[PDB]
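This document opens with one chain alone, in structure tokens, the form deposited in one PDB entry.
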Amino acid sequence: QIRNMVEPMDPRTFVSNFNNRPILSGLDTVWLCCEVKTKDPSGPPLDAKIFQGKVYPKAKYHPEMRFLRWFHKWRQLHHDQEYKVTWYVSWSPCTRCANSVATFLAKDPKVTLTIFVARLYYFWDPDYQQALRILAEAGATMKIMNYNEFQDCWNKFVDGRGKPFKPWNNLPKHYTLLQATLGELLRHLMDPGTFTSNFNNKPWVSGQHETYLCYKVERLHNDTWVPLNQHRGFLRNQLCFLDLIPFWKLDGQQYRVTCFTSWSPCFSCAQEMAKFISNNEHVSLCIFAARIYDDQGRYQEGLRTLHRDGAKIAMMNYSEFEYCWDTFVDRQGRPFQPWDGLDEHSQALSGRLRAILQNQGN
């Protein structure tokens, strides 16, 4: 019935835009075929729609954002229920729309999203690799379009007047390349040199101009914080990671998010995390910083406001460094090698942070 719900796309346009040659510079355009269904998979689609946009900036107008706005205005016209949405999209999301869609999914317990992509946009770029990881951690099921998905998108969204889908040569080969790329980037862990150069707690003198943050989530069960090995992650920033964790899909109760950040939060980040833990009493926040970041501004007030709003803030010591090496680093069986003076630098930084957070004088 999708054929009657949408204005189908020209066959030329489909063959041109959903060709899955990994590298294709010349295709300015993104096409997003979406179908909306109830949670019952047997049921037919309630609605479907084709969105289009350009890949280049003003991502406000990218088909993903158009979908979000349309869907928000669509759900208000039907009774509240649970939805399964499927996308066939010719390019995978940019970084901005990965963040947007991921926060939408993480805050909405009634939506499930499966994204089949024909090609990976900027698959070579660490920012977009991270963006896809963020999408997947928010709960979106990311997949490369295979022959079956191209066939189904032909049958449902393309004006292929009875004519069946005929594949181009190398469709499966492209699928193999792209699916391997997506899998490895989804399972990717931090490079060891990245880790040791960014989490070293000796006084800065080169690099380290970016912030790295690893995080784990635990849930309350029986007066006992029990971990969730499936909801870990690490992010690089050179709006607030708590907005990307789906506190709803997890075992229903209260949670403790433990954070390991190479630099202590900037002012903005501190205020965003404080606002989050204020409006989410079921989430406790623990922050471990490798170094204290002094922005010459209000960073002290930022940390103090974060602390007032319930976050526990400490400096990383050997235990936390070793945990992050063992959990978030592509270590290759090799053990954590502490650098010289780790514990002493950690104790001094702890004293500094103690002075920063202290309210009453003795």
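Under this definition, the rigid core comprises the largest set of C-alpha atoms superposing within 1.5 Å between the forms. Residues carry their position along the shown sequence, with the first being 1.
Gap between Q238 and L239: 10 or more deposited residues without coordinates. Stretch comparison (144-152 versus 253-261) by mean CA B-factor in the PDB entry places 253-261 on top. For the pair 264-272 and 222-230, the mean Cα B-factor is higher in 222-230. Of the candidates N201, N280, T112, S90, it is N280 whose Cα B-factor is highest according to the PDB record.
The entry assigns its greatest Cα B factor, within the set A118, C97, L182, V158, to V158. Sort the modelled residues of the chain by CA B factor and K166 lands in the highest third. The deposited CA B-factor of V329 belongs to the middle third of values across its chain. Ranked against the other modelled residues of its chain, the C-alpha B-factor of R352 as given in the entry falls in the lowest third. Ranked by Cα temperature factor within the chain, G193 sits in the middle third according to the deposited record. Per-chain ranking of the deposited C-alpha B factor places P63 in the lowest third.
A second form of this protein, the form deposited in another entry, is not displayed here; the remarks below concern that form.
Among the candidates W91, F157, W87, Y212, displacement between the shown form and the other one reaches 2 angstroms at the C-alpha for one position only, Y212 (superposition on the rigid core). Relative to the superposed core, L182 shifts its CA atom by less than 2 Å between the shown form and the other one.
In a rigid-core overlay of the protein, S346 has its C-alpha displaced by at least 2 Å between the shown form and the other one. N169 is not among the residues whose C-alpha shifts by 2 Å or more between the shown form and the other one once the rigid core is aligned; its shift stays under 2 Å. The gap between the Cα atoms of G183 and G233 is smaller in the other entry, by no less than 3 Å, than in this form. Distance between the C-alpha atoms of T327 and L177: shorter by at least 3 Å in the other entry than in the displayed form.
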